[PDB]
Number of protein chains: 2
Amino acid sequence: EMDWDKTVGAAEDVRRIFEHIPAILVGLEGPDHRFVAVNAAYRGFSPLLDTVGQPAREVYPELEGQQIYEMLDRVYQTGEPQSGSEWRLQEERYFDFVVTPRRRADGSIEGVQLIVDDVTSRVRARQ
Amino acid sequence: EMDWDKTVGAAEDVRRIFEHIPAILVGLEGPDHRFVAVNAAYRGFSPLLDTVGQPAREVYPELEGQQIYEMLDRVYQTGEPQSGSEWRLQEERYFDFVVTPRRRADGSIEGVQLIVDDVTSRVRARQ
């Protein structure tokens, strides 16, 4: 078994690092993808805050299992990692991302987490 | 002021998300860059563990202020973010990275954190 405090870090410290990681990060939990962790970069990309605990589909209903929630479901249900490339999201933006499962010690799936990358300027550079 | 538990997440939860973020992440503290947070991807890339608390230069002395520690210093001292592209590291690997400062509420610099990207296969694909 692992000693988390010594091997990964103390919880408050690790939270503070996460907040400041220079990339868009999100953690979700349970079959309804409740927000469990979001850092400053994430909140910058979406200025809807005081957000932890609520189901994703509930804070972002303007989208609906299409086609992202459905891939969050697939990762949650099957544990198969999923990647997207250059997905449009209405300004008008494009995002790369990877979603992976999070397993408990018993091997069961607890939730998912994502790193997102804003690649708008890269596609917009296609003249 | 921000309510961390509600806005970013509870500390143990956020730590657990961080552990599982599918990208190499590291947090350091103080003028000697003591390890403060490292996730599974990081520990995979460097299987030297039980590592939190120690100064970087002390666990990786085979490198020496060259030319990376020196750029960790520059970010710590000046607060200027730094990016690297395709840095070799002896197998033989190549890494992209971004290092940013972490400021206290008083505006002072507490440490730095990094996201690292292994891009070996991308350069190795140059025939």
# chains A, B, ... in the order shown; residues from 1 in each chain; ligands from 1
call {"tool": "residues_around", "arguments": {"residues": "range 35-42 of chain A", "least_positions_apart": "4", "cutoff": "6 Å", "atoms": "only C-alpha atoms", "output": "ChimeraX atom specification"}}
result
/A:19,24-28,52-54 /B:8-9,14
call {"tool": "write_last_selection", "arguments": {"atoms": "N, CA, C and O atoms", "output": "mmCIF file, in the first residue's frame"}}
result
data_model
loop_
_atom_site.group_PDB
_atom_site.id
_atom_site.type_symbol
_atom_site.label_atom_id
_atom_site.label_comp_id
_atom_site.auth_asym_id
_atom_site.auth_seq_id
_atom_site.Cartn_x
_atom_site.Cartn_y
_atom_site.Cartn_z
ATOM 1 N N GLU A 19 -4.577 23.855 -7.985
ATOM 2 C CA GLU A 19 -5.225 25.129 -8.277
ATOM 3 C C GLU A 19 -4.419 25.925 -9.280
ATOM 4 O O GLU A 19 -4.961 26.700 -10.067
ATOM 5 N N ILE A 24 -5.851 23.274 -18.018
ATOM 6 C CA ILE A 24 -7.243 23.176 -17.596
ATOM 7 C C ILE A 24 -7.492 21.791 -17.048
ATOM 8 O O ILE A 24 -7.361 20.820 -17.781
ATOM 9 N N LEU A 25 -7.849 21.701 -15.765
ATOM 10 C CA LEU A 25 -8.049 20.400 -15.085
ATOM 11 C C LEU A 25 -9.397 20.291 -14.408
ATOM 12 O O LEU A 25 -9.859 21.240 -13.790
ATOM 13 N N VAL A 26 -10.015 19.117 -14.505
ATOM 14 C CA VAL A 26 -11.315 18.874 -13.910
ATOM 15 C C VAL A 26 -11.387 17.454 -13.376
ATOM 16 O O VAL A 26 -10.959 16.508 -14.042
ATOM 17 N N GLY A 27 -11.964 17.304 -12.188
ATOM 18 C CA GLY A 27 -12.278 15.993 -11.660
ATOM 19 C C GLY A 27 -13.769 15.865 -11.438
ATOM 20 O O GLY A 27 -14.411 16.792 -10.950
ATOM 21 N N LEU A 28 -14.319 14.719 -11.817
ATOM 22 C CA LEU A 28 -15.736 14.428 -11.636
ATOM 23 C C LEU A 28 -15.920 13.118 -10.883
ATOM 24 O O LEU A 28 -15.010 12.299 -10.802
ATOM 25 N N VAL A 52 -18.563 23.115 -7.102
ATOM 26 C CA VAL A 52 -18.283 21.770 -6.637
ATOM 27 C C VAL A 52 -19.545 21.092 -6.101
ATOM 28 O O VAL A 52 -20.357 21.728 -5.436
ATOM 29 N N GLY A 53 -19.716 19.809 -6.411
ATOM 30 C CA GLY A 53 -20.834 19.029 -5.908
ATOM 31 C C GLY A 53 -21.962 18.786 -6.902
ATOM 32 O O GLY A 53 -22.614 17.747 -6.861
ATOM 33 N N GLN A 54 -22.198 19.744 -7.792
ATOM 34 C CA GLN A 54 -23.298 19.656 -8.751
ATOM 35 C C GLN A 54 -22.971 18.759 -9.941
ATOM 36 O O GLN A 54 -21.819 18.662 -10.347
ATOM 37 N N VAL B 8 -12.978 25.323 -5.447
ATOM 38 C CA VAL B 8 -12.000 24.443 -6.060
ATOM 39 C C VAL B 8 -12.225 22.986 -5.686
ATOM 40 O O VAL B 8 -12.034 22.097 -6.504
ATOM 41 N N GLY B 9 -12.672 22.742 -4.462
ATOM 42 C CA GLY B 9 -12.913 21.388 -4.014
ATOM 43 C C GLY B 9 -12.300 21.099 -2.661
ATOM 44 O O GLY B 9 -11.448 21.847 -2.177
ATOM 45 N N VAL B 14 -9.446 16.766 -4.067
ATOM 46 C CA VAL B 14 -8.585 17.401 -5.044
ATOM 47 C C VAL B 14 -7.246 16.680 -5.147
ATOM 48 O O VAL B 14 -6.749 16.464 -6.238
#
call {"tool": "select_by_dssp", "arguments": {"residues": "range 74-107 of chain B", "states": "helix (DSSP H, G or I)", "output": "VMD selection string"}}
result
chain B and resid 74 to 78
call {"tool": "residues_around", "arguments": {"residues": "residue 101 in chain B", "least_positions_apart": "6", "cutoff": "12 Å", "atoms": "only C-alpha atoms", "output": "JSON, numbers by chain"}}
result
{"A": [17, 19, 20, 21, 22], "B": [27, 28, 29, 30, 31, 33, 71, 72, 73, 74, 75, 76, 77, 78, 79, 80, 81, 82, 107, 108, 109, 110, 111, 112, 113, 114]}
call {"tool": "closest_residue", "arguments": {"among": "B:32, B:96, B:5, B:13", "to": "residue 84 in chain B", "atoms": "only C-alpha atoms"}}
result
B:96
call {"tool": "select_by_dssp", "arguments": {"residues": "chain B", "states": "strand (DSSP E or B)", "output": "PyMOL selection string"}}
result
chain B and resi 24-29+34-38+55+82-89+93-103+109-118
call {"tool": "write_last_selection", "arguments": {"atoms": "C-alpha atoms", "output": "PDB file, in the first residue's frame"}}
result
ATOM      1  CA  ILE B  24       2.892  14.655 -15.693  1.00  0.00           C
ATOM      2  CA  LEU B  25       2.443  17.141 -12.816  1.00  0.00           C
ATOM      3  CA  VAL B  26       4.820  18.462 -10.173  1.00  0.00           C
ATOM      4  CA  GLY B  27       4.624  21.075  -7.449  1.00  0.00           C
ATOM      5  CA  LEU B  28       7.680  22.547  -5.744  1.00  0.00           C
ATOM      6  CA  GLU B  29       8.137  24.941  -2.794  1.00  0.00           C
ATOM      7  CA  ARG B  34      11.324  21.013  -2.411  1.00  0.00           C
ATOM      8  CA  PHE B  35       8.883  18.456  -3.778  1.00  0.00           C
ATOM      9  CA  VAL B  36       5.376  19.260  -2.561  1.00  0.00           C
ATOM     10  CA  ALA B  37       3.164  17.250  -4.953  1.00  0.00           C
ATOM     11  CA  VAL B  38       3.757  14.635  -7.625  1.00  0.00           C
ATOM     12  CA  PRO B  55      14.988  19.511  -2.568  1.00  0.00           C
ATOM     13  CA  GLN B  82       9.134  29.575 -18.508  1.00  0.00           C
ATOM     14  CA  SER B  83       8.502  27.075 -21.321  1.00  0.00           C
ATOM     15  CA  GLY B  84      10.824  24.479 -22.760  1.00  0.00           C
ATOM     16  CA  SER B  85      10.534  22.616 -26.035  1.00  0.00           C
ATOM     17  CA  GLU B  86      11.912  19.131 -26.649  1.00  0.00           C
ATOM     18  CA  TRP B  87      14.614  18.928 -23.994  1.00  0.00           C
ATOM     19  CA  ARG B  88      16.762  15.790 -24.049  1.00  0.00           C
ATOM     20  CA  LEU B  89      17.147  13.797 -20.828  1.00  0.00           C
ATOM     21  CA  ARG B  93      13.997  11.146 -24.104  1.00  0.00           C
ATOM     22  CA  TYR B  94      12.571  14.564 -25.120  1.00  0.00           C
ATOM     23  CA  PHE B  95      10.251  16.770 -23.057  1.00  0.00           C
ATOM     24  CA  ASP B  96       8.073  19.844 -23.459  1.00  0.00           C
ATOM     25  CA  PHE B  97       7.154  21.713 -20.264  1.00  0.00           C
ATOM     26  CA  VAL B  98       5.788  24.897 -18.731  1.00  0.00           C
ATOM     27  CA  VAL B  99       6.858  26.203 -15.328  1.00  0.00           C
ATOM     28  CA  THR B 100       4.811  28.875 -13.581  1.00  0.00           C
ATOM     29  CA  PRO B 101       5.152  30.723 -10.251  1.00  0.00           C
ATOM     30  CA  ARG B 102       2.809  30.267  -7.299  1.00  0.00           C
ATOM     31  CA  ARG B 103       2.021  33.426  -5.363  1.00  0.00           C
ATOM     32  CA  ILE B 109       6.373  33.769  -4.510  1.00  0.00           C
ATOM     33  CA  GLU B 110       5.966  30.552  -2.585  1.00  0.00           C
ATOM     34  CA  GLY B 111       7.148  28.036  -5.177  1.00  0.00           C
ATOM     35  CA  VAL B 112       6.540  26.786  -8.708  1.00  0.00           C
ATOM     36  CA  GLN B 113       4.670  24.030 -10.475  1.00  0.00           C
ATOM     37  CA  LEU B 114       5.047  22.274 -13.825  1.00  0.00           C
ATOM     38  CA  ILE B 115       3.247  20.242 -16.393  1.00  0.00           C
ATOM     39  CA  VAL B 116       5.563  18.051 -18.429  1.00  0.00           C
ATOM     40  CA  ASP B 117       4.921  16.330 -21.736  1.00  0.00           C
ATOM     41  CA  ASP B 118       6.939  13.411 -23.127  1.00  0.00           C
TER      42      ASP B 118
END
call {"tool": "atom_distance", "arguments": {"atom1": "CA of residue 90 in chain A", "atom2": "CA of residue 50 in chain A"}}
result
22.2 Å
call {"tool": "atom_distance", "arguments": {"atom1": "CA of residue 123 in chain A", "atom2": "CA of residue 59 in chain A"}}
result
27.6 Å
call {"tool": "atom_distance", "arguments": {"atom1": "CA of residue 16 in chain A", "atom2": "CA of residue 69 in chain B"}}
result
22.0 Å
call {"tool": "closest_residue", "arguments": {"among": "A:126, A:57, A:15, A:43", "to": "chain B", "atoms": "only C-alpha atoms"}}
result
A:15
call {"tool": "closest_residue", "arguments": {"among": "B:11, B:68, B:124, B:2", "to": "chain A", "atoms": "only C-alpha atoms"}}
result
B:11
